[PDB]
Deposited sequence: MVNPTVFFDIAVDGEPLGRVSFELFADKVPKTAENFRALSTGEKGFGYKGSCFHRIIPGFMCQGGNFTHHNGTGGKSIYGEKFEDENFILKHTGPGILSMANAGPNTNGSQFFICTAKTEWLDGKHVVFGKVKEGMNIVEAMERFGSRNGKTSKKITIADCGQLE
């Protein structure tokens, strides 16, 4: 039921490591499916070659703006509704939707690097890191309190396992 996808991460074009994710299709099928299809590129656009544009050490790593600042698009149109808030931001590894307010999901997502309970009920949790959390932890060091990254952190490849 639950698909698994991978990112191969690169730092300034140099391979860093693979991160895999379990997507919670069983609980948030619509949200899982958007991220799954964007990972395979099967609609003809997606995460491959996009960057982690906002990394805040001790909080989260954010990416998925593959259109350029609010950018990106879902597989259903530009934005979609918050599916549910059943699942919580319980710790590092949690994969959750970025948004600009209620019912504004597109393509942007984030990986928690800590327990972030104040996001519960505001961001839709739809997966978690399976393998490669130490890569996510390494990626944190390229961030700033600002979110500005010190290097180009990119998704060199991605797909479904």
In sequence order, which parts of the deposited sequence are missing C-alpha coordinates? 1, 70-71, 165
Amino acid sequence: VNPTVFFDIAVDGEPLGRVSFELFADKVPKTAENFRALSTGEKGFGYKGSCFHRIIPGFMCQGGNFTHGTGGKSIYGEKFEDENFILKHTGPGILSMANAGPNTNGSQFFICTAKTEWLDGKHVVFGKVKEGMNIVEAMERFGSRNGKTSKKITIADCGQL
From here on, numbers count along this sequence of modelled residues.
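We call the rigid core whatever largest set of C-alpha positions still superposes within 1.5 Å between the two forms.
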With the rigid core held as the alignment frame, decide whether 59-67 or 120-128 lies farther from the shown form in 4 other deposited structures of this protein, in terms of RMS C-alpha distance. 59-67
Averaging only over Cα atoms, indicate whether 44-52 or 24-32 has the higher B-factor in the PDB entry. 44-52
Of 96-104 and 132-140, the stretch whose C-alpha atoms average the higher B-factor in the entry: 132-140
Out of 69, 127, 64, 121, which one has a C-alpha B factor higher than all the others in the entry? 69
Split the chain's modelled residues into thirds by Cα B-factor; residue 80 lands in the middle
